[PDB]
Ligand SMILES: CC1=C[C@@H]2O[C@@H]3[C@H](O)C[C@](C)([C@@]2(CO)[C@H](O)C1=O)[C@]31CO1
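A single chain, nothing else alongside it, follows as structure tokens in the form deposited without this ligand.
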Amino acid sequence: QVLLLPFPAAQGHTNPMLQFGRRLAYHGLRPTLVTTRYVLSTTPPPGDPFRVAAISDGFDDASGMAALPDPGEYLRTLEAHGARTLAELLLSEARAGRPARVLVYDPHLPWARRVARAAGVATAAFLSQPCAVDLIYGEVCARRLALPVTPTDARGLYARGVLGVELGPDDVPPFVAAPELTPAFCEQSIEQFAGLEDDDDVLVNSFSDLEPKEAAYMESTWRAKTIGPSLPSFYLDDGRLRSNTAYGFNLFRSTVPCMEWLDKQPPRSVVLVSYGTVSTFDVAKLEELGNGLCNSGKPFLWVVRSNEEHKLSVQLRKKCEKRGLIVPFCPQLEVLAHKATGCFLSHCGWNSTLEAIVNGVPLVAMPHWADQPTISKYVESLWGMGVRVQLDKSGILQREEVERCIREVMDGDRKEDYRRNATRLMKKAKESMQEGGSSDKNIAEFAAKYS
């Protein structure tokens, strides 16, 4: 009855959409996760309260995206077989007494919108990036803003009280500030907003107290309602869903344990390190990162993915045994909530950021692309909960800067500010998702409307 369509295999898009579905279920709606037959065949299903329903990207027996390395050429294949299979599913379900009351869809998949509207199924866009990045892409689609987006473009927005911070050249979203480096990602980011005004609902995974100017603008401009942070209820100290304590659809397996190692560590001492589930680091970059961690002297929990750890030398991996632990995946929210954890050296993907916020953990920001540079700027200025690594003239992260930023957040004069500010945002985040808060209300309205 409620269909959920995250960009398949995108952990950063699947996690919040599923958490949003859990809230819907709490309000009596029945959610269904819609993903590829491949992903469904390699990942155990979320479980109650979710049904599962499979579409196809063409490659039902093999990771479509390793087989089809070019970004542009994956999307076309997904769009082709997806749109076909999606429309099949709608009719099947309707002709089974289970029509779709609404399709909640990742707007990185604009063809979902088309297939649905053709069946007269209501649509709700699910934006899983911060308002501040969303509205910038938005202003480009609306041709209110001209490619390339510049710090001056951004300063106008700030002057008009739409952006709460002034974006510099390294803070504007790369995908539209330098579209040349990533032409496919550029149009995908802008396409999101084409046909959005024609959606029954627009939903953004954020909360208003976090981005008050940007969320005000997104609501008035695109009808976007904040429904986040869309994380398990437990971490929001929300007891309505007692058993909602972990994301239920991990696309990566946790081989090596870390929780018992974390127990042994002293309070507020561990650096969590992760650049997420999408980005890749080359050999030299892993070396600077790892040595920066060792030189910092702090204990650290370093997430180096299975499909990355081959780029990790034996020599460096042994050097990290003294004070660190290296794992392919960790229960990141559980880690962030742990007493031992002192800060989070993170690429600042939006879920990682919201997960740090909801646990009051200060950040060392090492962004690469997409929304991460903008998020990093917010972490550093307006939110004041951490610092961003400075890259040198060649764009290289050096081990000295890694150690410097860690010591700065953990031991510097401002260490209590970063913590205070993080705790400050933590309380507003929890408030917005608890019964009666601003995101909680938006979620209840949405559910009321389709029940």
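For clarity, a rigid core is taken as the largest C-alpha set superposing within 1.5 Å between two forms. Don't overthink the numbering: it's just position in the shown sequence, from 1. Only residues modelled in both forms are compared.
Keep in mind that the form deposited with this ligand bound is missing from the display, and what follows is about it.
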**Item:** this ligand contact in the entry with it bound: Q188, any heavy atom under 4.5 Å
**Value:** yes
**Request:** Please check if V52 has a heavy atom lying within 4.5 Å of any heavy atom of this ligand in the entry with it bound.
**Result:** no
**Message:** With a cut-off of 4.5 Å between heavy atoms, is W369 one of the residues that contacts this ligand in the entry with it bound?
**Reply:** yes
**Asked** According to a 4.5 angstroms non-hydrogen atom cut-off, is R317 in contact with this ligand in the entry with it bound?
**Response** no
**Request:** Counting non-hydrogen atoms within 4.5 angstroms of this ligand in the entry with it bound, say which of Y105, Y235, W222, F175 makes the cut.
**Result:** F175
**Request:** Would you mind picking the one in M426, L40, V389, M65 that has a heavy atom within 4.5 Å of this ligand in the entry with it bound?
**Result:** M65
**Among 357 to 365, 141 to 149, 180 to 188, 113 to 121, the region lying within 4.5 Å of this ligand in the entry with it bound by heavy atom distance** = 180 to 188
**Prompt:** With the two forms superposed on the core, which of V278, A216, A142, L90 shows a CA shift of 2 angstroms or more between the shown form and the other one?
**Reply:** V278
**Request:** With both forms fitted on the core, give yes or no for whether the Cα of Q315 moves by 2 angstroms or more between the shown form and the other one.
**Result:** yes
**Prompt:** Under a superposition restricted to the rigid core, does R114 display a Cα displacement of 2 angstroms or more between the shown form and the other one?
**Reply:** no
**Request:** Please check if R305 moves between the shown form and the other one, taking a CA shift of 2 Å or more relative to the superposed core as movement.
**Result:** yes
**Complete:** Moved regions between the shown form and the other one after rigid core superposition (C-alpha shift of 2 angstroms or more, 3 or more residues per run) are 275 to 282, 305 to 322
